[PDB]
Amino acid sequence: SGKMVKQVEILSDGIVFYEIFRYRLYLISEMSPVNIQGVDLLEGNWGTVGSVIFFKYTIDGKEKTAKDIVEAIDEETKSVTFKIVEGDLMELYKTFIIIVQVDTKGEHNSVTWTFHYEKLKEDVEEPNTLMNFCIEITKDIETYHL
């Protein structure tokens, strides 16, 4: 078991940012094309718990996939929770949960990324590269909107 958390300040509008993750995830492909080539809906509906989304992405030039279930949406805390059920990460991790959270409260304007994960074997790395990648995504989105 394991948990990783990073908070990035964003200079663009947090609400707009949340709404991308919350309602229109398919867009991160246009906004971070270098990182994300595809965001396809396979089951359910965009913006709803239980929907099955498929990601095509590239880390360090290596092409990868993840199939995610949207497991939580929370409009109070401006949070969305994705659980990875298939793909490259599951070669290494039994369980992998990604929560994205946008703080708009006050002059505070930030995106917090949380990984909860269970490794398959003791000597698998902490998912630092993946956290770096989510921060790049955050910054692509920010600059795209700024």
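Residue positions are given as counts along the sequence shown, with the first one as 1. Throughout, rigid core stands for the largest set of C-alpha atoms superposing within 1.5 Å between the two forms.
Visitor: Between 93-101 and 108-116, which one shows the bigger average Cα displacement from this form in 6 other deposited structures of this protein once the rigid core is aligned?
Guide: Once the cores are fitted, 108-116 deviates more in 6 other deposited structures of this protein.
Visitor: Do you reckon 137-145 or 3-11 strays further from the shown form in 6 other deposited structures of this protein, measuring C-alpha RMS after a core fit?
Guide: Stretch with the higher C-alpha RMS distance in 6 other deposited structures of this protein: 137-145.
Visitor: So which stretch wins on mean C-alpha B-factor, 77-85 or 108-116?
Guide: The deposited B-factors put 108-116 ahead on the C-alpha mean.
Visitor: Please compare 119-127 with 133-141 and name the stretch with the higher mean C-alpha B-factor in the deposited structure.
Guide: Comparing averages over the C-alpha atoms only gives 119-127.
Visitor: If you rank the chain by CA B-factor, which third does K67 end up in: lowest, middle or highest?
Guide: CA B-factor rank for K67: lowest third.
Visitor: What third of its chain's C-alpha B-factors does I99 belong to: lowest, middle or highest?
Guide: Lowest third - that is where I99 ends up once the chain's C-alpha B-factors are sorted.
Visitor: Give the position of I28 by CA B-factor within its chain, expressed as the lowest, middle or highest third.
Guide: It belongs to the lowest third of the chain when residues are ordered by C-alpha B-factor.
Visitor: Give the position of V52 by CA B-factor within its chain, expressed as the lowest, middle or highest third.
Guide: For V52, the deposited C-alpha B-factor lands in the lowest third.
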